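Encoded as C-alpha coordinates, the structure appears first; notes follow it.
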Amino acid sequence: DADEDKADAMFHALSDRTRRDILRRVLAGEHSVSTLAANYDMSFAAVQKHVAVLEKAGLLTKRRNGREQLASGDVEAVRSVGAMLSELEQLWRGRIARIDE
(Lines of atoms letter the chains of each structure in order from A and count residues from 1; the text may use other names and numbers.)
(Lines give C-alpha, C1' and ligand atoms only; values in the text may rest on other atoms or scores of the structure.)
Protein backbone atom coordinates (compact mmCIF):
# COMPACT_ATOMS: atom_id res chain seq x y z
CA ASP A 1 0.00 0.00 0.00
CA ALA A 2 1.91 3.08 1.28
CA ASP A 3 3.60 1.53 4.35
CA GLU A 4 4.63 -1.40 2.17
CA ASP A 5 7.97 -3.14 2.09
CA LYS A 6 7.58 -5.18 -1.06
CA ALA A 7 9.49 -2.34 -2.74
CA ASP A 8 12.68 -3.84 -1.28
CA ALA A 9 11.67 -7.40 -1.92
CA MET A 10 12.13 -6.22 -5.48
CA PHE A 11 15.52 -4.58 -5.03
CA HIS A 12 16.94 -7.44 -2.99
CA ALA A 13 15.60 -9.98 -5.48
CA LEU A 14 17.36 -7.93 -8.18
CA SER A 15 20.45 -7.94 -6.00
CA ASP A 16 21.84 -11.30 -7.16
CA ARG A 17 23.70 -11.43 -10.51
CA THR A 18 21.64 -14.29 -11.77
CA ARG A 19 18.12 -13.47 -10.55
CA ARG A 20 18.57 -10.63 -13.02
CA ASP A 21 19.84 -12.69 -15.97
CA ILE A 22 16.88 -14.97 -15.27
CA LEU A 23 14.56 -11.95 -15.38
CA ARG A 24 16.13 -10.16 -18.39
CA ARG A 25 15.71 -13.50 -20.27
CA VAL A 26 12.16 -14.36 -19.18
CA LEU A 27 11.41 -10.75 -20.15
CA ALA A 28 13.06 -11.87 -23.34
CA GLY A 29 11.11 -15.05 -24.22
CA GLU A 30 12.47 -17.99 -22.27
CA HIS A 31 9.95 -19.82 -20.09
CA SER A 32 12.18 -22.84 -19.68
CA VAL A 33 13.86 -23.49 -16.42
CA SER A 34 16.18 -25.99 -18.10
CA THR A 35 17.39 -23.56 -20.78
CA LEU A 36 18.25 -20.90 -18.19
CA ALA A 37 19.95 -23.44 -15.92
CA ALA A 38 21.97 -24.72 -18.91
CA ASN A 39 22.93 -21.17 -19.98
CA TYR A 40 24.39 -20.59 -16.47
CA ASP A 41 25.63 -24.17 -15.68
CA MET A 42 23.56 -24.55 -12.50
CA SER A 43 21.18 -27.14 -11.01
CA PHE A 44 17.55 -27.07 -11.80
CA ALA A 45 16.32 -26.54 -8.20
CA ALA A 46 18.90 -23.77 -7.80
CA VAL A 47 17.25 -21.54 -10.38
CA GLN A 48 13.86 -22.75 -9.19
CA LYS A 49 14.89 -20.94 -6.01
CA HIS A 50 15.98 -17.75 -7.69
CA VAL A 51 12.83 -17.82 -9.76
CA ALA A 52 11.07 -18.60 -6.51
CA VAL A 53 12.16 -15.45 -4.72
CA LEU A 54 11.57 -13.45 -7.90
CA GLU A 55 8.04 -14.83 -7.75
CA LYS A 56 7.31 -14.02 -4.14
CA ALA A 57 8.75 -10.53 -4.62
CA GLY A 58 5.95 -10.00 -7.18
CA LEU A 59 8.10 -10.03 -10.35
CA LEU A 60 6.85 -13.24 -11.91
CA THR A 61 3.99 -15.72 -11.26
CA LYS A 62 2.73 -19.07 -12.72
CA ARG A 63 -0.83 -18.69 -14.09
CA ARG A 64 -1.93 -21.77 -16.07
CA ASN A 65 0.80 -23.99 -14.61
CA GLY A 66 4.31 -24.96 -15.47
CA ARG A 67 6.33 -22.57 -17.61
CA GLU A 68 5.54 -19.01 -16.38
CA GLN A 69 4.56 -15.83 -16.55
CA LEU A 70 4.43 -12.57 -14.37
CA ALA A 71 2.16 -11.15 -11.62
CA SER A 72 -0.62 -8.75 -10.35
CA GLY A 73 -1.50 -5.14 -9.30
CA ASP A 74 -0.31 -2.91 -6.49
CA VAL A 75 3.36 -2.33 -7.28
CA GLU A 76 4.90 0.88 -8.63
CA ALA A 77 7.54 1.21 -7.38
CA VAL A 78 8.33 0.23 -10.14
CA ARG A 79 6.87 3.81 -9.93
CA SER A 80 9.31 6.38 -8.89
CA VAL A 81 12.12 3.88 -9.30
CA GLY A 82 11.79 4.17 -13.03
CA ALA A 83 12.07 7.96 -12.85
CA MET A 84 14.62 7.57 -10.00
CA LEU A 85 17.07 5.77 -12.24
CA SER A 86 16.19 8.00 -15.17
CA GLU A 87 17.30 11.00 -13.12
CA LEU A 88 20.47 9.12 -12.22
CA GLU A 89 20.86 8.09 -15.87
CA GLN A 90 20.15 11.44 -17.47
CA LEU A 91 22.17 13.67 -15.12
CA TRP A 92 24.92 11.09 -14.92
CA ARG A 93 24.98 11.14 -18.68
CA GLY A 94 24.77 14.90 -19.10
CA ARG A 95 27.90 15.37 -17.07
CA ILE A 96 29.28 14.14 -20.34
CA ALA A 97 30.30 17.83 -20.21
CA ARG A 98 33.66 18.27 -21.95
CA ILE A 99 34.68 21.73 -23.11
CA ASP A 100 38.18 21.88 -24.69
CA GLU A 101 41.47 19.90 -24.53
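In the deposited numbering, the protein residues as written are 41 to 141.
All C-beta atoms, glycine included, are put in the ideal place defined by N, C-alpha and C.
Listed in chain order, the alpha helix (DSSP H) elements of length 4 or more contained wholly in the segment 83-110 are 87-96.
For the options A47, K96, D41 and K102, the alpha carbon positioned closest to that of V73 is the one of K102. Straight through space, the alpha carbons of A68 and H90 are spaced by roughly 17 Å. If you draw a straight line from the Cα of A42 to the Cα of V121, it comes to about 15 Å. In the DSSP annotation of this structure, the continuous segment of the alpha helix (DSSP H) that includes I62 starts and ends at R57 to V66. In the DSSP annotation of this structure, the continuous segment of the alpha helix (DSSP H) that includes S126 starts and ends at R119 to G134.
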